[PDB]
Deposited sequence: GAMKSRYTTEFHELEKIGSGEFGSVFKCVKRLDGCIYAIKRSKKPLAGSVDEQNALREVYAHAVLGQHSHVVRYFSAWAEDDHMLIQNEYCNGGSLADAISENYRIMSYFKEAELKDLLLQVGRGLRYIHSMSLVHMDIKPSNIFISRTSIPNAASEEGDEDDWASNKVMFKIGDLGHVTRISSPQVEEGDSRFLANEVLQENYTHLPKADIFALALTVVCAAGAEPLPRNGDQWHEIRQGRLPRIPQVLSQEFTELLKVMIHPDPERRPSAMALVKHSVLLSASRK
């Protein structure tokens, strides 16, 4: 086996339904990588196509500072593996839980900077005529800290007529209602919520009354003082009218981000 023969497995850092993720050192280049090892879905089936799109997307989103680099992907003999860049600072999710336990969140300067960087990662993706569809703190990773979008498992072409939904906590309603005219804006919606989490909000709701309020374009309580301008940027990012949310390009050129 190539995984065993080419890498030294250091530690498990991720455990899913389908997969697992390991910190490993490539024996030949001495260098450390994150490798997701997951079940090989039956050749030529809906689930296979899902896994292949991930490999396809990683393979074209490899020039970017705000997307995790892909090094390789292979299959053996009942598993599928992808070898990506390892991010020494771990995930945005874990930084936010640590933050939450200590009552010390991302400051406004840090939140702008997270939004700008991830916004740059999205701009890129959208310019590759793709969309990510599952932006959330556990799919953002950290390496001046660099934030990098990871987990392209939901990535699809911008004008897809069929879509798998990302996490409901971060899901725009128009997508829930199978309206796929402005998918790039689904990522914009999720980015804002991600940044809301970064600011120290309570865990986001999955369903029920509070799930809908936000989808009306109402921000969750943020336990700290943010400038009105920045709060406005945030609000417009979760606007019920996806056309009213700024593209990623608008996002990174926004004055509040200069």
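Participant: Going from the first residue of the deposited sequence to the last, where are the unmodelled runs?
Facilitator: Unmodelled stretches, in sequence order: 1 to 4, 148 to 167, 283 to 287.
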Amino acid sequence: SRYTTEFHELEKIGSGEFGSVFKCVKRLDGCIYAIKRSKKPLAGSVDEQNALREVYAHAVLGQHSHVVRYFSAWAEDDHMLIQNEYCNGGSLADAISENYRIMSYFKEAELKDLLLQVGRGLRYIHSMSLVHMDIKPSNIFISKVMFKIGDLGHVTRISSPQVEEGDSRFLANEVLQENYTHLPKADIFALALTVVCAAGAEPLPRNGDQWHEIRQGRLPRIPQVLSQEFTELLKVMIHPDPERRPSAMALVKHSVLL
From here on, numbers count along this sequence of modelled residues.
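C-alpha atoms forming the largest set that superposes within 1.5 Å between two forms make up the rigid core.
Participant: Core-superposed in 9 other deposited structures of this protein, which stretch deviates more in Cα positions, 90 to 98 or 153 to 161?
Facilitator: Greater root mean square C-alpha distance in 9 other deposited structures of this protein: 153 to 161.
Participant: Which of the two stretches, 220 to 228 versus 45 to 53, has its Cα atoms farther on average from this form in 9 other deposited structures of this protein when everything is superposed by the rigid core?
Facilitator: Most displaced of the pair in 9 other deposited structures of this protein: 45 to 53.
Participant: Out of 235 to 243 and 15 to 23, which one has CA B-factors that are higher on average in the deposited record?
Facilitator: The entry gives the higher C-alpha B-factor average to 15 to 23.
Participant: Out of 184 to 192 and 103 to 111, which stretch has the higher average CA B-factor listed in the record?
Facilitator: It is 184 to 192.
Participant: If I read the C-alpha B-factors straight from the PDB entry, which of 132, 144, 136, 148 is highest?
Facilitator: Comparing C-alpha B-factors across 132, 144, 136, 148, the top value belongs to 144.
Participant: Out of 32, 67, 51, 60, which residue has the highest Cα temperature factor in the PDB record?
Facilitator: Among 32, 67, 51, 60, the highest C-alpha B-factor in the entry belongs to 60.
Participant: Would you check the entry's CA temperature factor for residue 205 and let me know if it's in the chain's lowest, middle or highest third?
Facilitator: As the PDB entry reports it, the C-alpha B-factor of residue 205 lands in the middle third of its chain.
Participant: Can you tell me whether residue 166 has a C-alpha B-factor in the lowest, middle or highest third compared with the other modelled residues of the same chain?
Facilitator: As the PDB entry reports it, the C-alpha B-factor of residue 166 lands in the highest third of its chain.
Participant: Determine, from the deposited record, the chain-internal third of the Cα B-factor for residue 1: lowest, middle or highest.
Facilitator: Middle third - that is where residue 1 ends up once the chain's C-alpha B-factors are sorted.
Participant: Lowest, middle or highest third: where is residue 117 by Cα B-factor in its chain?
Facilitator: Answer is middle: the recorded C-alpha B-factor places it there.
Participant: Would the CA B-factor of residue 227 place it in the lowest, middle or highest third of its chain?
Facilitator: Bottom third by C-alpha B-factor.
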